[PDB]
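One chain is shown next in structure tokens, namely the form solved without its partner chain.
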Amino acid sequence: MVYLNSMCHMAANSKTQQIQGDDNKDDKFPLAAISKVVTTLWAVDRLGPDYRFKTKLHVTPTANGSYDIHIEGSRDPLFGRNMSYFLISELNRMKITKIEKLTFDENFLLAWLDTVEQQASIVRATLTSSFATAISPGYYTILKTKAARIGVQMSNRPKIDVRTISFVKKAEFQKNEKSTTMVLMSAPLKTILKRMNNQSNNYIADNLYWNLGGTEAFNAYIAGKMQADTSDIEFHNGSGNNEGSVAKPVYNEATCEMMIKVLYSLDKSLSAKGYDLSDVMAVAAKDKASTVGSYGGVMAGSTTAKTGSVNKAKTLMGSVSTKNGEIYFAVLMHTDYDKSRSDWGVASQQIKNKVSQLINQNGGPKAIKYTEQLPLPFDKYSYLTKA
């Protein structure tokens, strides 16, 4: 069962600022991963698009010749394989190849994809597998080549040998007298958001949402920002994934109007810092690693957008650039993908045809100024630096 729940839009240049749409534009529907755009807005407002996550390494020489290292985490929600490979590269550039005790605190988050001890157990497990495995030359080579494109140098065939990896809480970490402290800054937040909104599992959005205070903080933010409450927008996580079962699902939900208000606000907060939607959201046809990279037709090169797919919904929202100006849009479809596998692709085609009509009946597409960015978790200021 594929059918329209709601479609709405507004011209960026509207003097009335009245959102246009069908009669369902003020009823709540599942959002799926367009939720990530709301999480994006929150993060931009709270942190700023140039914010960097400052992970600290406390490094102490051992009588051996080797090092102990304690990671004081910054809750960087994008510390994954790429970033781990870069850390290893950096350790080798700093002449560290052997670590005796590697320790890490509760703020050191790791994306291989409850409670503090148990969360840290999973990070430890992941770390121990990852650092005890040879770095894959094919994956590293591709990564080193992407890094060189943004002028980041990485080591040749890097490696690390770690004796032990343990959880040490921030409160119980005693900084050694002859430790050095080095900082490994993330790429800017806008870049992390770019990566998240191109294509991701739940991990980044969910960790951002928790970092910022979770649901109680989110509802206070939305009330302050939008004069909105839970009848406009009801979140349970940052990502929009199912928090229930297949039979009784629990999805983030919002009105079509709220999605437009989000896009407007996001656009405004970004412009204040000189940035565009296409700095944090995928560009149809241009962003090849995204869910809209194979979009063609009039959307190609003209459209900034985020996809969503859950059992009960297929969604799209963003901005289309037309000869009549930029236009914010959201389309929310109903699906029953658990019952009928064909619904996601059928829904997706109906959304594209709806957005193509929105473009084609507003004078046709006007290209945006955009060249495919590579949203790596580090940039040229990420190098280990003695702070």
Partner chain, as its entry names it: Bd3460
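Residue numbers count along the first chain shown, from 1.
Below, we refer to the form deposited with its partner chain bound, which is not included among the displayed structures.
Although the partner is absent here, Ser356 lies within 4.5 Å of its partner chain in the deposited complex, judged by heavy atoms. Using a 4.5 angstroms threshold between heavy atoms, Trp344 counts as touching its partner chain in the deposited complex. Put simply, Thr128 is far from its partner chain in the deposited complex: not one heavy atom of it is within 4.5 Å. Remark: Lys352 counts among the residues lining its partner chain in the deposited complex, judged by a heavy atom distance of 4.5 Å or less. The chain is drawn here without its partner chain; in the deposited complex, the stretch among 52-60, 65-73, 332-340, 23-31 whose residues come within 4.5 Å of it by any heavy atom is 332-340. Shown without its partner, this chain lists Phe108, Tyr140, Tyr209, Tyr295 as candidates; in the deposited complex, only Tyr295 has a non-hydrogen atom within 4.5 angstroms of its partner chain. This chain appears without its partner; in the deposited complex, the one residue of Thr291, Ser155, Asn202, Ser265 with a heavy atom within 4.5 Å of its partner chain is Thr291.
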